[PDB]
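K.L.:
Sharing a structure with you now.
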Amino acid sequence: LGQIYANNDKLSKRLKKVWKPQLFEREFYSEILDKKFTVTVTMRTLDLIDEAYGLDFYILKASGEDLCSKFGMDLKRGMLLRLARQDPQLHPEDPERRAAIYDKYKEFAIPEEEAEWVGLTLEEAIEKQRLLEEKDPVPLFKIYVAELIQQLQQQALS
Amino acid sequence: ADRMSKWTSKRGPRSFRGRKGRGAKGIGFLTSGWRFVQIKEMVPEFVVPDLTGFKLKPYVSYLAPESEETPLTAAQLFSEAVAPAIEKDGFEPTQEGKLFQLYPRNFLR
Amino acid sequence: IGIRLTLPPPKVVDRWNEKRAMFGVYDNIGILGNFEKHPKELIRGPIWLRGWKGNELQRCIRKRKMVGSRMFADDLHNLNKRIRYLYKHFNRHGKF
Amino acid sequence: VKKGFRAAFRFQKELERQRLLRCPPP
Amino acid sequence: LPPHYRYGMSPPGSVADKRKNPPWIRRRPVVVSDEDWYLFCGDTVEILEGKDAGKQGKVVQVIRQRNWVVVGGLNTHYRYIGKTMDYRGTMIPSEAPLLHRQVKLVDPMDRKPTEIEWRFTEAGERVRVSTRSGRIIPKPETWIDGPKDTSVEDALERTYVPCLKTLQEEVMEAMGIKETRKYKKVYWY
Amino acid sequence: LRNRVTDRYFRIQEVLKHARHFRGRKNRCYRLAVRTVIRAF
Amino acid sequence: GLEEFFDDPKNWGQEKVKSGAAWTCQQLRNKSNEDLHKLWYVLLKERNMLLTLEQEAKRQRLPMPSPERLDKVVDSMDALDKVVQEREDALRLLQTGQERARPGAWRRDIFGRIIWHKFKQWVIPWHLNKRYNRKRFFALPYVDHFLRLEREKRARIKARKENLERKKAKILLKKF
Amino acid sequence: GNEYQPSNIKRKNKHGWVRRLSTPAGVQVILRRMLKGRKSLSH
Amino acid sequence: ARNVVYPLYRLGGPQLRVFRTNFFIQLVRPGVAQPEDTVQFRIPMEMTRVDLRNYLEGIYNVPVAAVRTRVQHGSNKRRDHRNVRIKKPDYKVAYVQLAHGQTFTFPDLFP
RNA sequence: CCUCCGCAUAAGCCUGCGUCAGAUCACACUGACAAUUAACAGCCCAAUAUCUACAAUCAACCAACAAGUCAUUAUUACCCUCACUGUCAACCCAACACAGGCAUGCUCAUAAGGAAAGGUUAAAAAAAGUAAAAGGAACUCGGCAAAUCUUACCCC
RNA sequence: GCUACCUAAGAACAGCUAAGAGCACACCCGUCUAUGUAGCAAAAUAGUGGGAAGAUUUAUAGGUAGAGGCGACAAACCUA
RNA sequence: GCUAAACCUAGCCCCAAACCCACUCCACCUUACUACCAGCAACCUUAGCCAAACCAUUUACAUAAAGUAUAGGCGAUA
Ligand SMILES: [Mg+2]
Ligand SMILES: [Mg+2]
Ligand SMILES: [Mg+2]
Ligand SMILES: [Mg+2]
Ligand SMILES: [Mg+2]
Ligand SMILES: [Mg+2]
Ligand SMILES: [Mg+2]
Ligand SMILES: [Mg+2]
Ligand SMILES: [Mg+2]
Ligand SMILES: [Mg+2]
Ligand SMILES: [Mg+2]
Ligand SMILES: [Mg+2]
Ligand SMILES: [Mg+2]
């Protein structure tokens, strides 16, 4: 979003301008995910992918600020998770294949707890945290009982 | 057109007036030809005790002595039913299958 | 009738208060204290003008820079407006 | 309630003078 | 009562007080205490200053908000009362209040006025004690029952057997009410 | 207000003293008095 | 009978009636739930009677005989409510471990101030409730500025309070 | 004169709390009212 | 009971009980000179006709033949030193007919 | 003596000439206390399918045109009954106890509902009305206004 | 909530003569005169008029909003 | 001699310091203050007054270096 001078003389009029990227719609197979994702994909994105060879690689390599999308971030996170867990993407009859795939991306592959949080918004993260430490409140009665038991034990000891 | 005065059932037009009500709380539902259906279960019946042979009057003689106050906490309550525990050396895990639920209250008052 | 009848309660003033008894003490600390501290560090006041004389407009500008970041929305706006006005008045309006 | 004193004093003096003029002593 | 309510001699919900201090007055607040307050209704004080400075008397009333003490029969000034018809009415002596510091507590032995401290004795515990003389200056100060009154026995009978059944269920049990139906689960959120 | 005039009455009176014996508002109202008094002078 | 809404016929037109004290908390605390319930109903009728009497007095242009008694009764009732309620709370704590009965969840409404949204109780789940999804519990960016302003306002008030107190103190010091 | 011809239903539909809450501008209006401390925030 | 959350009755669950009633009432002299057997009470606004009937029958053991409630507007036209509208509270009146030809004249209190 | 107005309902307002007590064109102004009761009117109607060509106009002829306002059926589902709200007033919008504005149903002189004249005098000027000798548009921009009415002809 | 226009679903129009017919009530409007012009009124009263089964009037609820709307153009009306 | 006059203290201003507020019960996004039944959802340069004595490019929004280098209808000014 900017302004242009009319015929590129400053003494001519100034007028606002919106320069849009040339958008597309294209499929991308991702080895780590074993699925074809239709994506809005600019030419620049395609070029980037080509440079990094694999789409998966691009997703991994691309720095979070650089990647530029929530969807992309999510994908990256998913990939990381896959790398971590070592979960069956190709199911049985392809363990060797799976292993090979994994070995492609021995680079990257962060611990499983970190890869959960990767590529999240703030609000989402907060929500997740809340979910993690929600629980039911524990009955006080139980606690009291425990205390009593402890006391009894102590008495026995003495 | 005063908007300091409280909005109420008296204030609007015909269709407005019949909708609102005060904090009355409904006895039933309404159907067919606006025929209202008074359900017995929704109506609260007052469980009044028998006061015949009841010595507790509404006031307490001035001669009665004062004592120090004690907020009845849970610990105290537990203690007052800890004898059985002691003997051993009275709790519900869920109270979903129960008429009188202590947490999401059923019992009125 | 602006003028009044009851002449006021007597304005008692102790000229030897702990404030006035020691007014100016330590003030002048440099020229006889091996110049550890400048007299401008003695003065207690609003941070944007501590040892800094300034001018109306200038003061406003200083306030905006020094403090404006942590300033109350309703007051920051006012300050800005003042600055705008002040510039106009000085840079344009008067004589000479 | 204005902030001064001198003016008040002057006023008082004037009042006194007026009083004297009105009901002078024997 | 509004803010800046000036406490008079009359109580705050009287007719006289209302007349004096309605809701729409706006008097100047009076500048004057602490929890440490050694003067009580019934105590015996010496009047140090003012009309009848020197005299001793009982304390009829205390108004701590105003830091005032009212002394029986003393600091008197005279009030006509009744009246209304065109005649004298009856004549009274009315007691004006004394700001504390004009009053001092009297020693029960010496009878000379004193400054007083609040000290913690071995007796258990807190009490007034003279700073100049010695010893404790203590404190100031049948029924027949009615038809709607319990008695001291009936109040302290104490029938509470501690259970985990609530007021309601136990009440129901006592009644003999039977509820075969079970409560349907509802979404609270 | 920082400083406002306490002594203004006196100034008013100074002129009104000289206007006392004029007819009508010229002797009461300071504004009218001043013009008349100056003229007289 | 309707004679319960009035006191003893002997007491009509005395200007003063003897009523000995309200039920204190501790006494109440020591009685049983069954007993307590019974006591409540006794209290209730008395209260009603008192109210009736008051009304009558108002009608007549006459003062109440012993108005303090009504107050005492009210106090007693309050005490009773507190005791039973306390007990209930304790029971709840013992069983489930919940403060309050009626639940909520600290929900941030449209205006951004966090409400204790007390839950309303009904038949269908929330995701297919027409009138509850339209109830929105989120701010959006325009609200933040207003919140800030509100905060500022609050702070100003606080400052005013504090300064005023200080001034008062100073004045007092000057006086004494 | 006499341009006002009161009808409650109309009023409530026009200026009511619900209508203000429906639009962001309306929300802002309410917020403004709150900030001023006004006693009646909507109609 | 007034100012309490009422439990939900989905279809075939239990009878709603009220142990310990929160609302309380007051019988009054009718100004407009009502007939025999009609007793007039001032009632909290939340109380129903049915509730009133129940309430009388249980606690006072009175045979109620009919109940007719009616809300009464309390006056707003009244102003202060501030010129702020003081409002008298709106309240509910009942007209309760006694059964079996019981009859009731309101007593002369304050004789 | 007026009635170019009345009773209702709708909308609107919301205790705004009811009892007692009180004070200060003439004495609906404050404080307390009463008051409006449901059958009228609001507040409706369990699903899925499936049906609804032939107006209304005393609806009969006629007669049209601008082409219209009042419907089920099949199967499944079902016993619990009258809750809650409005119901006052001399009334609303017009800054006012303001000649204005204000939907519908009855009543079309009223069985409702009101009072044009504080008291005197009877000057001018002004306003509204009635009166008129003889003449009768001579008035005047023009028969404007008025009281009896009706002829002919242009322009647009 | 005025008015401009529209959408939904209502309502009113006597009597006499015989169809965006005539006379003429109720309603709608506002020709001309007079009064009023700090008024009964920030456009009224008295008369006199145009319309009054229709391109009519009108109660209710809704809709279009300003660089715009709406307009049987009068550059009207859009709450004095 | 009437009308009137007069009267300090409510509180407030500017700093400093320190990061605030927010469930007795019940009600409150439906026409808010309403006990009780089957579908949407937020982000998108500021402008113009004004100054240039008109007006079109254009016109600001700790100390010192420094009003320096630069920009600019090479001017206003930045
Ligand atoms: Mg009626
Ligand atoms: Mg008559
Ligand atoms: Mg008359
Ligand atoms: Mg006259
Ligand atoms: Mg003639
Ligand atoms: Mg001629
Ligand atoms: Mg003519
Ligand atoms: Mg016609
Ligand atoms: Mg015609
Ligand atoms: Mg038109
Ligand atoms: Mg034209
Ligand atoms: Mg210019
Ligand atoms: Mg120009």
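Ligands are numbered from 1 in the order shown, residues from 1 within each chain, and chains are lettered A, B, ... in the order they appear in the structure tokens.
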Identify every residue of chain I that has at least one atom within 12 Å of any atom of chain B, counting only C-alpha atoms, and report the result as a PyMOL selection string.

P.N.:
chain I and resi 1-23+43-61+69-77+84-87+89-92

K.L.:
Any chance you can output those residues with C-alpha atoms as a short mmCIF file (atom, residue, chain, number, x, y, z; two decimals), in the first residue's frame?

P.N.:
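The resulting file, result-v9.cif, is shown below:
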```cif
data_model
loop_
_atom_site.label_atom_id
_atom_site.label_comp_id
_atom_site.auth_asym_id
_atom_site.auth_seq_id
_atom_site.Cartn_x
_atom_site.Cartn_y
_atom_site.Cartn_z
CA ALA I 1 -37.90 -18.26 47.35
CA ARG I 2 -36.96 -14.74 46.19
CA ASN I 3 -33.52 -13.95 44.71
CA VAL I 4 -32.46 -17.58 44.24
CA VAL I 5 -31.57 -19.61 41.15
CA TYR I 6 -34.39 -22.11 40.51
CA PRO I 7 -33.39 -25.67 39.47
CA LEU I 8 -34.30 -26.86 35.98
CA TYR I 9 -37.09 -29.36 35.43
CA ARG I 10 -36.33 -31.14 32.15
CA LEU I 11 -39.43 -33.44 32.04
CA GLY I 12 -39.94 -36.23 34.60
CA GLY I 13 -37.51 -35.38 37.42
CA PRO I 14 -38.35 -34.50 41.05
CA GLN I 15 -40.84 -32.14 42.70
CA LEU I 16 -39.32 -28.74 43.50
CA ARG I 17 -39.04 -28.26 47.28
CA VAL I 18 -38.58 -25.02 49.19
CA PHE I 19 -37.16 -25.58 52.63
CA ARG I 20 -36.61 -22.20 54.32
CA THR I 21 -38.63 -19.52 52.47
CA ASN I 22 -36.94 -16.21 51.64
CA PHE I 23 -40.08 -14.17 50.79
CA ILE I 43 -46.53 -9.41 48.70
CA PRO I 44 -43.06 -9.53 47.17
CA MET I 45 -43.20 -9.07 43.40
CA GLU I 46 -41.60 -12.47 42.71
CA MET I 47 -44.36 -14.43 44.48
CA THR I 48 -47.08 -16.13 42.41
CA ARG I 49 -50.82 -16.54 43.09
CA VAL I 50 -50.20 -20.27 43.39
CA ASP I 51 -47.24 -19.69 45.70
CA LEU I 52 -49.36 -17.43 47.90
CA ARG I 53 -52.03 -20.13 48.12
CA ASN I 54 -49.41 -22.71 49.04
CA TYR I 55 -47.69 -20.41 51.49
CA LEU I 56 -50.86 -19.64 53.41
CA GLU I 57 -52.00 -23.25 53.44
CA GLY I 58 -48.75 -24.65 54.76
CA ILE I 59 -47.45 -22.16 57.30
CA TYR I 60 -50.72 -20.58 58.47
CA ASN I 61 -53.04 -23.61 57.91
CA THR I 69 -52.85 -10.74 42.74
CA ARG I 70 -52.31 -7.29 41.25
CA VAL I 71 -49.16 -5.17 40.80
CA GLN I 72 -49.28 -1.57 42.06
CA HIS I 73 -47.08 1.19 40.66
CA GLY I 74 -45.16 3.15 43.30
CA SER I 75 -45.02 6.89 42.61
CA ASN I 76 -42.00 8.50 40.93
CA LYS I 77 -43.13 12.16 40.97
CA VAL I 84 -33.47 13.77 41.42
CA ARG I 85 -36.60 11.62 41.08
CA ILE I 86 -37.11 9.60 44.28
CA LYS I 87 -39.21 6.55 43.48
CA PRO I 89 -41.16 1.02 45.24
CA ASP I 90 -43.74 -0.78 43.06
CA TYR I 91 -45.43 -3.57 45.01
CA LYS I 92 -47.83 -6.47 44.64
#
```

K.L.:
Within 7 Å of chain G, which residues of chain A are there when counting only C-alpha atoms? Please give them as a PyMOL selection string.

P.N.:
chain A and resi 137-141

K.L.:
If we count only C-alpha atoms (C1' of nucleotides), what is near residue 52 of chain K at a cut-off of 10 Å, once residues fewer than 2 positions away on the same chain are taken out, given as an MDAnalysis selection string?

P.N.:
chainID K and resid 13 24:28 54 56:57

K.L.:
Once DSSP has gone over the backbone, tell me which residues of segment 49-95 of chain A are in helix (DSSP H, G or I), as a VMD selection string.

P.N.:
chain A and resid 49 to 51 55 to 61 64 to 67 70 to 85 95

K.L.:
Name all residues at most 9 Å from residue 82 of chain G (count only C-alpha atoms (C1' of nucleotides); drop same-chain ones fewer than 5 positions away) and give them as a PyMOL selection string.

P.N.:
chain G and resi 25+77+87

K.L.:
For the residues selected in the previous step, produce a file with C-alpha atoms as a PDB file, in the first residue's frame.

P.N.:
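Wrote result_25.pdb, looks like this:
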```pdb
ATOM      1  CA  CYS G  25     -24.467 -16.943  65.630  1.00  0.00           C
ATOM      2  CA  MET G  77     -32.942 -14.532  60.455  1.00  0.00           C
ATOM      3  CA  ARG G  87     -22.504 -25.480  56.791  1.00  0.00           C
TER       4      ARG G  87
END
```

K.L.:
Which residues in segment 56-140 of chain E does DSSP call strand (DSSP E or B)? List them as an mmCIF file with C-alpha atoms, in the first residue's frame.

P.N.:
```
data_model
loop_
_atom_site.group_PDB
_atom_site.id
_atom_site.type_symbol
_atom_site.label_atom_id
_atom_site.label_comp_id
_atom_site.auth_asym_id
_atom_site.auth_seq_id
_atom_site.Cartn_x
_atom_site.Cartn_y
_atom_site.Cartn_z
ATOM 1 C CA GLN E 56 -15.296 17.655 89.511
ATOM 2 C CA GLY E 57 -18.165 15.652 88.018
ATOM 3 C CA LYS E 58 -19.486 12.458 86.482
ATOM 4 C CA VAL E 59 -19.445 11.934 82.706
ATOM 5 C CA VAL E 60 -23.041 11.743 81.422
ATOM 6 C CA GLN E 61 -22.123 11.268 77.749
ATOM 7 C CA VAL E 62 -19.198 10.820 75.356
ATOM 8 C CA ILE E 63 -19.142 11.841 71.675
ATOM 9 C CA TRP E 68 -16.426 15.739 73.402
ATOM 10 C CA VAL E 69 -17.365 14.765 76.952
ATOM 11 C CA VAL E 70 -20.581 15.889 78.680
ATOM 12 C CA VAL E 71 -20.231 16.378 82.437
ATOM 13 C CA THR E 76 -23.968 24.593 82.523
ATOM 14 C CA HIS E 77 -25.704 27.276 80.522
ATOM 15 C CA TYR E 78 -29.431 27.845 80.675
ATOM 16 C CA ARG E 79 -32.135 26.634 78.288
ATOM 17 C CA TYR E 80 -35.810 27.608 78.236
ATOM 18 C CA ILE E 81 -38.028 24.612 77.342
ATOM 19 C CA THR E 90 -39.851 26.186 82.130
ATOM 20 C CA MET E 91 -36.163 27.011 82.701
ATOM 21 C CA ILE E 92 -33.403 24.358 82.698
ATOM 22 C CA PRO E 93 -29.635 24.216 83.116
ATOM 23 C CA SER E 94 -28.126 22.485 80.053
ATOM 24 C CA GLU E 95 -24.645 21.002 80.078
ATOM 25 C CA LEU E 98 -15.968 19.738 76.954
ATOM 26 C CA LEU E 99 -13.322 19.008 74.382
ATOM 27 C CA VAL E 103 -11.079 17.221 81.109
ATOM 28 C CA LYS E 104 -8.850 14.928 83.236
ATOM 29 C CA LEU E 105 -9.603 11.656 85.060
ATOM 30 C CA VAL E 106 -9.733 11.846 88.861
ATOM 31 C CA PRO E 113 -6.618 14.911 88.269
ATOM 32 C CA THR E 114 -4.119 12.805 86.272
ATOM 33 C CA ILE E 116 -3.425 8.107 82.307
ATOM 34 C CA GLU E 117 -1.696 5.242 80.473
ATOM 35 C CA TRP E 118 -2.972 1.929 79.124
ATOM 36 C CA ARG E 119 -0.696 -0.765 80.568
ATOM 37 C CA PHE E 120 -0.626 -4.565 80.443
ATOM 38 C CA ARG E 126 -5.207 -4.338 79.457
ATOM 39 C CA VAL E 127 -6.444 -1.520 81.754
ATOM 40 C CA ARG E 128 -6.031 2.188 82.652
ATOM 41 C CA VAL E 129 -3.314 3.065 85.216
ATOM 42 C CA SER E 130 -2.402 6.505 86.600
ATOM 43 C CA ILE E 136 -5.681 0.885 88.353
ATOM 44 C CA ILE E 137 -8.518 3.287 87.593
#
```

K.L.:
Name the residues, by chain letter and number, that sit within 10 Å of ligand 5 using only C-alpha atoms (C1' of nucleotides) and all ligand atoms, and give them as a list in words.

P.N.:
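The distance check yields residues 131, 132, 133, 134, 135 and 136 of chain J.
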
K.L.:
Can you tell me how far atom CA of residue 83 of chain G sits from atom CA of residue 31 of chain G, in Å to one decimal?

P.N.:
9.9 Å

K.L.:
Would you name the residues within 9 Å of ligand 4, counting only C-alpha atoms (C1' of nucleotides) and all ligand atoms, and put them as a PDB file with N, CA, C and O atoms (P, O5', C5', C4', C3', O3' and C1' of nucleotides), in the first residue's frame?

P.N.:
```
ATOM      1  P     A J 117     -64.861  35.744  28.516  1.00  0.00           P
ATOM      2  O5'   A J 117     -65.638  36.765  29.454  1.00  0.00           O
ATOM      3  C5'   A J 117     -65.813  38.134  29.051  1.00  0.00           C
ATOM      4  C4'   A J 117     -66.981  38.750  29.778  1.00  0.00           C
ATOM      5  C3'   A J 117     -67.090  38.433  31.263  1.00  0.00           C
ATOM      6  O3'   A J 117     -66.158  39.240  31.977  1.00  0.00           O
ATOM      7  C1'   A J 117     -69.226  38.302  30.230  1.00  0.00           C
ATOM      8  P     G J 118     -64.799  38.609  32.581  1.00  0.00           P
ATOM      9  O5'   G J 118     -65.105  38.568  34.142  1.00  0.00           O
ATOM     10  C5'   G J 118     -64.128  38.091  35.079  1.00  0.00           C
ATOM     11  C4'   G J 118     -64.475  38.551  36.477  1.00  0.00           C
ATOM     12  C3'   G J 118     -65.263  39.849  36.596  1.00  0.00           C
ATOM     13  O3'   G J 118     -66.661  39.572  36.524  1.00  0.00           O
ATOM     14  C1'   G J 118     -63.315  40.022  37.901  1.00  0.00           C
ATOM     15  P     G J 119     -67.650  40.535  35.698  1.00  0.00           P
ATOM     16  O5'   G J 119     -67.662  41.864  36.571  1.00  0.00           O
ATOM     17  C5'   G J 119     -68.179  41.854  37.912  1.00  0.00           C
ATOM     18  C4'   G J 119     -68.046  43.220  38.536  1.00  0.00           C
ATOM     19  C3'   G J 119     -68.502  44.388  37.681  1.00  0.00           C
ATOM     20  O3'   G J 119     -69.917  44.525  37.617  1.00  0.00           O
ATOM     21  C1'   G J 119     -66.422  44.909  38.631  1.00  0.00           C
TER      22        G J 119
END
```

K.L.:
Taking only C-alpha atoms (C1' of nucleotides) into account, find every residue of chain L that has an atom no more than 9 Å from chain I, and write it out as an MDAnalysis selection string.

P.N.:
chainID L and resid 25:26 35:36

K.L.:
Please, which residues have at least one atom within 8 Å of an atom of ligand 11, using only C-alpha atoms (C1' of nucleotides) and all ligand atoms, listed as a list in words?

P.N.:
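Using only C-alpha atoms (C1' of nucleotides) and all ligand atoms, everything at most 8 Å from ligand 11 comes to residues 73, 74 and 75 of chain K.
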
K.L.:
Now that the selection is made, can you save its residues with N, CA, C and O atoms (P, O5', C5', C4', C3', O3' and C1' of nucleotides) as a PDB file, in the first residue's frame?

P.N.:
```pdb
ATOM      1  P     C K  73     -40.349  15.952  -9.838  1.00  0.00           P
ATOM      2  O5'   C K  73     -39.760  17.230 -10.580  1.00  0.00           O
ATOM      3  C5'   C K  73     -40.324  18.531 -10.346  1.00  0.00           C
ATOM      4  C4'   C K  73     -39.250  19.591 -10.379  1.00  0.00           C
ATOM      5  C3'   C K  73     -38.886  20.122 -11.760  1.00  0.00           C
ATOM      6  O3'   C K  73     -38.687  21.522 -11.713  1.00  0.00           O
ATOM      7  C1'   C K  73     -36.951  19.310 -10.693  1.00  0.00           C
ATOM      8  P     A K  74     -39.719  22.487 -12.420  1.00  0.00           P
ATOM      9  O5'   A K  74     -40.286  23.347 -11.213  1.00  0.00           O
ATOM     10  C5'   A K  74     -39.521  24.428 -10.687  1.00  0.00           C
ATOM     11  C4'   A K  74     -39.441  24.324  -9.192  1.00  0.00           C
ATOM     12  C3'   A K  74     -38.051  24.241  -8.577  1.00  0.00           C
ATOM     13  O3'   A K  74     -37.268  25.424  -8.730  1.00  0.00           O
ATOM     14  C1'   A K  74     -39.627  22.942  -7.364  1.00  0.00           C
ATOM     15  P     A K  75     -35.833  25.343  -9.446  1.00  0.00           P
ATOM     16  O5'   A K  75     -34.928  24.637  -8.343  1.00  0.00           O
ATOM     17  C5'   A K  75     -34.620  23.241  -8.460  1.00  0.00           C
ATOM     18  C4'   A K  75     -33.952  22.703  -7.215  1.00  0.00           C
ATOM     19  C3'   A K  75     -33.455  23.711  -6.179  1.00  0.00           C
ATOM     20  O3'   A K  75     -34.505  23.768  -5.220  1.00  0.00           O
ATOM     21  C1'   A K  75     -31.667  22.323  -6.898  1.00  0.00           C
TER      22        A K  75
END
```

K.L.:
For ligand 8, collect every residue having any atom at a distance of at most 9 Å from a ligand atom (counting only C-alpha atoms (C1' of nucleotides) and all ligand atoms); output as a VMD selection string.

P.N.:
chain K and resid 20 to 22 51 to 54

K.L.:
I want to know what sits within 12 Å of segment 12-24 of chain H, based on only C-alpha atoms (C1' of nucleotides), with residues of the same chain fewer than 6 positions away left out; could you give that as an MDAnalysis selection string?

P.N.:
(chainID B and resid 1 3 7 12:13 16) or (chainID G and resid 109:111 134:136 139:143) or (chainID H and resid 6 30:33 40:43) or (chainID K and resid 1 61:62) or (chainID L and resid 28:33 41:42)

K.L.:
Just write the chosen residues, C-alpha atoms (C1' of nucleotides), as a PDB file, in the first residue's frame.

P.N.:
```pdb
ATOM      1  CA  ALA B   1     -39.315   9.464  26.851  1.00  0.00           C
ATOM      2  CA  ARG B   3     -34.443   6.765  30.102  1.00  0.00           C
ATOM      3  CA  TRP B   7     -37.865  -0.231  31.984  1.00  0.00           C
ATOM      4  CA  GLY B  12     -44.388  -0.327  26.696  1.00  0.00           C
ATOM      5  CA  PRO B  13     -47.286  -1.002  24.254  1.00  0.00           C
ATOM      6  CA  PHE B  16     -44.417  -5.136  24.962  1.00  0.00           C
TER       7      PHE B  16
ATOM      8  CA  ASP G 109     -16.993  -9.367  27.643  1.00  0.00           C
ATOM      9  CA  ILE G 110     -17.331  -6.862  24.729  1.00  0.00           C
ATOM     10  CA  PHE G 111     -16.191  -3.853  26.804  1.00  0.00           C
ATOM     11  CA  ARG G 134     -24.913 -14.142  19.802  1.00  0.00           C
ATOM     12  CA  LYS G 135     -23.703 -13.351  23.351  1.00  0.00           C
ATOM     13  CA  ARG G 136     -20.080 -12.589  22.470  1.00  0.00           C
ATOM     14  CA  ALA G 139     -13.026  -7.520  22.883  1.00  0.00           C
ATOM     15  CA  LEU G 140     -11.619  -6.535  19.455  1.00  0.00           C
ATOM     16  CA  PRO G 141      -8.910  -3.810  19.049  1.00  0.00           C
ATOM     17  CA  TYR G 142     -11.056  -0.633  19.514  1.00  0.00           C
ATOM     18  CA  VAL G 143     -11.854  -1.609  23.135  1.00  0.00           C
TER      19      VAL G 143
ATOM     20  CA  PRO H   6     -43.312   8.762  20.486  1.00  0.00           C
ATOM     21  CA  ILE H  30     -21.521   2.647  24.688  1.00  0.00           C
ATOM     22  CA  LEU H  31     -17.842   2.708  25.643  1.00  0.00           C
ATOM     23  CA  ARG H  32     -17.818   6.486  25.243  1.00  0.00           C
ATOM     24  CA  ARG H  33     -20.848   6.764  27.482  1.00  0.00           C
ATOM     25  CA  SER H  40     -27.965   5.998  30.971  1.00  0.00           C
ATOM     26  CA  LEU H  41     -25.703   4.381  28.406  1.00  0.00           C
ATOM     27  CA  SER H  42     -28.335   3.447  25.867  1.00  0.00           C
ATOM     28  CA  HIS H  43     -31.995   4.010  25.299  1.00  0.00           C
TER      29      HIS H  43
ATOM     30  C1'   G K   1     -40.765   8.959  15.449  1.00  0.00           C
ATOM     31  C1'   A K  61     -43.973  -2.008  11.751  1.00  0.00           C
ATOM     32  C1'   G K  62     -39.730  -1.985   8.313  1.00  0.00           C
TER      33        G K  62
ATOM     34  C1'   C L  28     -28.089  -8.275  32.623  1.00  0.00           C
ATOM     35  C1'   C L  29     -26.192  -9.035  24.103  1.00  0.00           C
ATOM     36  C1'   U L  30     -34.255 -11.126  23.381  1.00  0.00           C
ATOM     37  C1'   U L  31     -37.166  -4.502  23.585  1.00  0.00           C
ATOM     38  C1'   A L  32     -30.014  -5.246  28.926  1.00  0.00           C
ATOM     39  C1'   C L  33     -31.028  -5.717  33.694  1.00  0.00           C
ATOM     40  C1'   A L  41     -18.392 -13.292  12.763  1.00  0.00           C
ATOM     41  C1'   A L  42     -11.807  -8.586  13.735  1.00  0.00           C
TER      42        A L  42
END
```

K.L.:
Using only C-alpha atoms, can you tell me which of G:46, G:78, G:165, G:71 comes closest to chain B?

P.N.:
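That would be G:46, the residue with the smallest distance to chain B.
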
K.L.:
When you look at residue 58 of chain K with a cut-off of 9 Å (counting only C-alpha atoms (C1' of nucleotides)), what residues show up, excluding the ones that are within fewer than 6 positions of it in the same chain? I need them as a list in words.

P.N.:
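Within the cut-off, the hits are residues 103 of chain J; 11 and 12 of chain K.
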
K.L.:
Counting only C-alpha atoms (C1' of nucleotides), which of J:63, J:24, J:81, J:13 gets nearest to chain H?

P.N.:
J:13

K.L.:
At a cut-off of 10 Å and counting only C-alpha atoms (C1' of nucleotides) and all ligand atoms, what residues surround ligand 1? Please answer as a PyMOL selection string.

P.N.:
chain J and resi 8+36+87-89
